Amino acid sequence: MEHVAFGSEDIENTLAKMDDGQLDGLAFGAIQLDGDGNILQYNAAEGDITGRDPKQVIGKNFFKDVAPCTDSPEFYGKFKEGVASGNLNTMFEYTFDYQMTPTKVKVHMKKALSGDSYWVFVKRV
């Protein structure tokens, strides 16, 4: 495992150094999106929570294709505000329920250090 806690204040600095395998070592789900919501990275812990295969979702659009239940003011709306403002750091609970048993999670979206990159972190609640 990689010793990083969900919600940590410097998470964007710690995860900037991680390859695919290190991201797969986290205690929580980690998704990286571009500013349009296309999936750039997606770790194994996320697949443990939602059942998706981390290899197959890369390149798909999170809001349009993978996670339409997040296409709402309360999730996508917050994401796109943060993208437009160039700052994003918001945490909230949510339920993931598309083609799956409804699963309540805590979500933390935070702008990455890489250009045009935004993290979506997920854990069970």
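All residue numbers refer to positions in the sequence shown, first residue = 1.
As the entry records it, the average C-alpha temperature factor is higher for 28-36, out of 90-98 and 28-36. Higher mean CA temperature factor, per the PDB entry, when comparing 81-89 with 57-65: 81-89.
Within the group 1, 120, 125, 5, the record's highest C-alpha temperature factor is found at 1. The deposited CA B-factor of residue 108 belongs to the lowest third of values across its chain.
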